[PDB]
Amino acid sequence: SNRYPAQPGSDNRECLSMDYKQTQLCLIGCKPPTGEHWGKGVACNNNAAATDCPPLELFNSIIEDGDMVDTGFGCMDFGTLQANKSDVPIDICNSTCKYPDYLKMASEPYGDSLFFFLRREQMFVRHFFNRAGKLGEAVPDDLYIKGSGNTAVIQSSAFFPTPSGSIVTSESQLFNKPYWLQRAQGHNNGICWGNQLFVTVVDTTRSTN
Amino acid sequence: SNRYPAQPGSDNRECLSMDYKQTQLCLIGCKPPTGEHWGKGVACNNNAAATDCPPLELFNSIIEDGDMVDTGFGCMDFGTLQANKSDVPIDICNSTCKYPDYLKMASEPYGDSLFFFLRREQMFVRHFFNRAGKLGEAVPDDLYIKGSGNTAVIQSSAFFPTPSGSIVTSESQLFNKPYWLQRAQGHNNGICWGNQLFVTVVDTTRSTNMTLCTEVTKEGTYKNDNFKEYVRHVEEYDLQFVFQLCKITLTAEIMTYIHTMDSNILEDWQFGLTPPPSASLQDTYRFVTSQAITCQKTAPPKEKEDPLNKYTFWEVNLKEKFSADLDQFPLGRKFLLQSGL
Amino acid sequence: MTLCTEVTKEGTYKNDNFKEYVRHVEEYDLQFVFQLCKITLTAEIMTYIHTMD
Amino acid sequence: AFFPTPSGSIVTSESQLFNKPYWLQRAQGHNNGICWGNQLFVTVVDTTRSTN
Amino acid sequence: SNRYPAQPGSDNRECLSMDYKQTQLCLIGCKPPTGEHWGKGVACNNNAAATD
Amino acid sequence: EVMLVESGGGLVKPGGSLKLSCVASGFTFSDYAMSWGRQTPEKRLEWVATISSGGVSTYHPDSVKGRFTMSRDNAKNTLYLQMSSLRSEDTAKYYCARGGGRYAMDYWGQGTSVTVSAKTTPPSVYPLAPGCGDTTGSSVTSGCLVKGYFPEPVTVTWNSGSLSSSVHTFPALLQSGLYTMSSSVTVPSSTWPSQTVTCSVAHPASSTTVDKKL
Amino acid sequence: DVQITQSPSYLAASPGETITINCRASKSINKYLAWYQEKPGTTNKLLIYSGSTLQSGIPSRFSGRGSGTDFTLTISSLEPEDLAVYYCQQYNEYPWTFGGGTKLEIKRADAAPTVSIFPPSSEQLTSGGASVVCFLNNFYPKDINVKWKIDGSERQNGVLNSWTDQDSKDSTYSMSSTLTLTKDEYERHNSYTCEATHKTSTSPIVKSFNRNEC
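Residues numbered from 1 in each chain as written, not as in the entry; some residues may be left out. Chains lettered and ligands numbered in written order. Part of a larger assembly, values for the part shown. Heavy atoms only, no water.

Which residues make up the overall build of chain B, and what values go with them?
Summing up its helical and strand segments, chain B has five helices and 13 strands in all. For chain B, whose C-alpha radius of gyration is 28 Å, the value lies well above the compact-globule estimate of 20 Å for 341 residues. In terms of its C-alpha atoms, chain B occupies a principal-axis envelope of roughly 90 × 75 × 65 Å. Here chain B holds 341 residues, and 19% of them are scored as buried. (Helix = DSSP H or I, 4+ residues; strand = E, 2+ residues; numbered from the N terminus. Rg over C-alpha atoms; globule rule 2.2 N^0.38 Å. Buried < 20%, exposed > 50% of the residue type's maximum accessible area, 1.4 Å probe, protein only.)

Structural data, given as structure tokens:
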């Protein structure tokens, strides 16, 4: 529901809390694994005198230990692309979350950053809420009919959902089993070059504190 | 619950968000496919219609690129049929949602708009809400008992359900998987005509939202009005393909079978056709801006005319991405194990 | 489905301008194939059928 | 200092692991089934039939 | 809903209830089994006493 | 049983703050609108704050813009009003409201006097009984006087409200920063003074009660 | 702002007849208008929201109508819980301003003030004040005037004027006339008389006392 109307005000934030996207995954390759993440860009030439909306770019990078996975808000920066740091929880409000680029590692010629990989993920929404700021974009008018009086003010449409992972079971366990090399995906068949390997894993079912 | 009596005033439209169907779907076919939708039609004016409801006709449209698939609120137009324009979402209210007529797609003789398809869908409904205003037809009094106090006047039964889909899992994805077609279901066994193919996909598992927070004035104390909040939405796509050339000896039994089927895959072949010789061919200039009084217009005759040019698609060039050696790709190796070679 | 037709025109929204109908639609289709079973007519056969029909 | 409330879920007759025979083809260790000391310490954990 | 400000007190305890996880497992052994549990152990001798 | 019980209104320093709480006894607090409105003397009922069914839509008039912040609790069934830097104009009697309709109000409690002033004063009570001389007439009008309280209000009840068919009680007036009042009852003379008669006067601000019987 | 005023502000009536009330508008605040009532100790009641549309539990004897800036509301067949103060209130735009208010009174047989005069008793003669109390009871209507004569000289400073309610059973009115004096002025002057005036008599109702007597 929404009983009309939205009210003016410059300060309306509060504490809430919520879970995230669940997963179980891994990857192995004798080159360190890569990963994209979205960020800003150069603006443009100043030929356009229309408005101010910022540019953007994804950024392809080999991810190291400690970096943050995307959980559904895009694989992106939270410091540069956002500006309040209050849409995001504190542990990840000051981060640049990534998503791995298995795709370009698939179109890698030899397949030396990839021997094998796993993934299992599921999701659904919990609730629907809305942002609180000036919507920079207006909505065209003839698409709807405006109301008057108490309904004269058009409320914003800066909605945002909030996630929920499903129930997990011990039958959904990925780990603690053997996964035999019999057929690799690429040209390097298990060969660790440099006598080194680059292993990764992300788990969510043992993520209590 | 919904108590009695009646409150209402002039207008009571509100703000809600909602979400929609979970799906995954695809289609392969060399001919372009159609897609049906509903819309208002012309009724008889010779009847003294005590009802004032307009009729509804199915219109078997041809699907363009970027037009809308059905969501579950009737496969109708929403511009000419939602006069309120404030009951159906804005994104679809000035558009029309579509569904495929698989059985009429099964009733094509050759089968050139369908080579293969799949669909994977799940949905359940969370909430329930109703409408207001002057409802079209009234209730017949003789199927209930009336009352008063709070139970005096009747309330509008103009309901509607709300879709909520299901969970969005990766454990039943259909992407990133090879599909080696052993045998196509119709007469066209996977052969393209006129060097073309039209494919599509609609998926909701990859449909997240990309918002944008832009502080316009730095201050260490919070104001809501520092922030011109923007939103974007991104999507990343790719395709792989493996072919097979085939030899057609143009015999008399074939050349009567195909020209009658389609003369257009003979005009690119120009066997025994007098116009494609013509004469001296097209003679170009070098581009001069002001003089050479002709312009960039299409009143010069088209070398290729079709009503598909009136529609807009995603044009994908593969006249240069061909390769004879296949093992250097992650599906060519997946083919030699599949072919046993 | 759900219909909405306005009666009047204004630049101000009121719910008492609009008329709403509701319909319910169905389509069905079929495809079959059969096979001829020829039936000879004998005395024990012709006694058997009139007991039924 | 947020904290959730754990819940669990539905329990079935198919989620049952007991009241059924077992015939182990091979024990996990170098000891392939030999008990010693004329004793053994068997343990089961079930909260599923733990209504009070 | 956790809206600002607080309505605190010098006492805030209450009567609640919760449910748990669904356990069915097997465990056998003729040697006694161990468990693990976190014990409040010590650091080194002089950690500058910044935060306890 | 739907009843909005007020709590938190009284004395407060000028330039200070206070916490109000309008606890509802029983209904579903998330279904219905809730509101705050006050009555100032010689003026209209003054709408202070409104809130919707869940809490989406809150508003205040031009008088309390920036100074007042409204809240609500849906589980403890309590509507709130956090105000800051109060002045002498905020001295009034305040209601909290339930909105059962298209932003329309069908409830308030008994309320509490939310008075922004300096100090309280315990009342010095004086009765008005028939004195020396013969008692005449079959009925006697008597009283009991209240002198020197600030701020409003007080209430006199005689003999636990059984004689409330004939109980009289007067309002007070502000003379030199204090209020002064009285009360009466018209009882036949079969009761007094053979059976004693008491008037009950209290004071909410000093929390000082002195009972006397005539 | 929207400045709506409520007229006529007072209604004396006998039930069964038809009684009309009005509220006029400053802006075109078209038909979004509710109506309320205040009974002390109980809750406010919404009779009709939006000018013409009815709330749960509200009966049919009410009737209200109007659009633009003109409105009319009319009531017949009254019931004894009605005696209260009634308001109109705009909510077409914030801030939600009100009408001035209309108190409904029931009409009865007229009555004269029952006058009984008292000195400040000897407990108040040692306390520090001197209030010459005199009760004027059981009259109708509210309009009276009392005259206090301090040794023939009138005093208007310190004169307190506070009228009672419509009472419970007898439904009359009373007004407090406390002559706020100090000790040396009460030492100087002996004769004090509440001289109530009413529409029953051209001669004012004069009752006196003597400290030489009692």
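Don't stop here, the text continues.
Give me the overall build of chain F: which residues, what numbers.
Within chain F, the regular secondary structure consists of zero helices and 17 strands. Rg of the C-alpha trace for chain F: 21 Å, well past the compact-globule value of 17 Å for 214 residues, more than 25% over. By its C-alpha atoms, chain F is 70 × 40 × 30 Å across when sized along the principal axes. For chain F, the proportion of its 214 residues judged to be buried stands at 49%. Taking the intrachain contacts of chain F between residues at least 6 apart in sequence as the baseline, contacts between residues at least 24 apart amount to 54%. Taken as a whole, chain F presents about 9,700 Å² of accessible surface, with 55% of it coming from carbon and sulfur. Charge separation in chain F, taken as the distance between the mean sites of 17 positive and 13 negative side-chain charges, equals 7 Å. (Contact = heavy atoms within 4.5 Å. Areas by Shrake-Rupley, 256 points an atom, 1.4 Å probe, with all protein chains shown as cover. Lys, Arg positive; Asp, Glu negative; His and termini not counted. Charge placed at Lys NZ, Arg CZ, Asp CG, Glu CD.)

Run through the interface of chain B and chain A, naming residues and quoting values.
The interface is formed by 46 residues belonging to chain B together with 46 residues belonging to chain A. On inspection of chain B and its partner chain A, the count reaches zero salt bridges. Our count for the chain B to chain A interface comes out at 26 residue pairs in polar contact. Of all the secondary structure elements, the ones that give two or more residues to the side of chain B that touches chain A are α1 (90-93), β10 (168-169) and β13 (228-232) of chain B. With five residues, the single largest contributor to the side of chain B that touches chain A is β13 of chain B. Here the side of chain B that touches chain A is built from residues that sort into 17 nonpolar, 13 polar and 16 charged. The sheet contact formed by strand β5 (residues 134-135) of chain A and β13 of chain B spans two bridges and is parallel. Following the sheet pairing, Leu135 of chain A is matched in β13 of chain B by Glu229 of chain B. (Salt bridge = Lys/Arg side-chain N within 4 Å of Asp/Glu carboxyl O. Polar contact = N/O pair within 3.5 Å; in protein donor to acceptor, adjacent residues only side chain to side chain. Nonpolar A, V, L, I, M, F, W, Y, C, P; charged D, E, K, R; others polar. Pairing = 2+ DSSP bridges.)

I'd like a description of unusual backbone geometry, backed by residues and values.
Residue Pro151 of chain F follows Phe150 of chain F across a cis peptide bond; omega there is -5°. Along the chain, the position of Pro151 of chain F falls in the loop between β11 (139-149) and β12 (156-158). Cis peptide bonds are those with omega within 30 degrees of zero, and the linkage from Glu152 of chain F to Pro153 of chain F qualifies with -10°. Residue position: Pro153 of chain F is located in the loop between β11 and β12. Of note, the phi angle at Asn176 of chain B is positive, near 60°, even though the residue is not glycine. Position of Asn176 of chain B relative to the elements: it lies in the loop between β10 and β11 (198-203). By relative accessible area, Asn176 of chain B is classed as exposed at 53%.

Summarise the pairing of strand β16 (residues 198-201) of chain F; cite the residues concerned and give the values.
Residue and element names in this part refer to chain F. Across the two faces of β16 the burial differs, with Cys199 and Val201 buried and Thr198 and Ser200 not buried at all. Relative to strand β17 (residues 212-213), β16 runs antiparallel, the two being bridged by two bridges. Note that in β17 the partner of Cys199 across the bridge is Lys212.

Account for the arrangement of the chains, with residues named and values stated.
In this assembly twelve pairs of chains touch, with chains A and B having more contacts than any other pair. What separates chain D from chain F at the closest point of their C-alpha atoms is a distance of 18 Å, and the two make no contact.

Account for the nonpolar core, with residues named and values stated.
Among the nonpolar cores identified, the biggest contains 25 residues, and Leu4, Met34, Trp36, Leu79 and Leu81 of chain F are the most heavily contacted of them. With residues near it in sequence (within four places) discarded, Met34 of chain F still touches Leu4, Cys22, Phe27, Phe29, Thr50, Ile51, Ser52, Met70, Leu79, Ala97, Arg98 and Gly99 of chain F. (Core = buried A, V, L, I, M, F, W, Y, C linked by side-chain atoms within 4.5 Å.)

Give me the lowdown on the pattern of salt bridges, citing residues and values where you can.
What the rule picks out here adds up to 19 salt bridges over all chains. Between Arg131 of chain B and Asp87 of chain B there is a salt bridge, with the nearest N and O atoms lying 3.6 Å from each other. With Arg131 of chain B in the loop between β7 (125-130) and β8 (134-135) and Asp87 of chain B in the loop between β4 (68-69) and α1, this residue pair connects regions lying 44 residues apart in the sequence. The exposure class assigned to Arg131 of chain B is partly exposed, which follows from its relative accessible area of 22%. A salt bridge links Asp46 of chain D to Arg49 of chain D; the shortest N-O distance between them is 4.0 Å. Each of the salt bridges in this network shares a partner with another, and the network as a whole consists of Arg38, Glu46, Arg67 and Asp90 of chain F.

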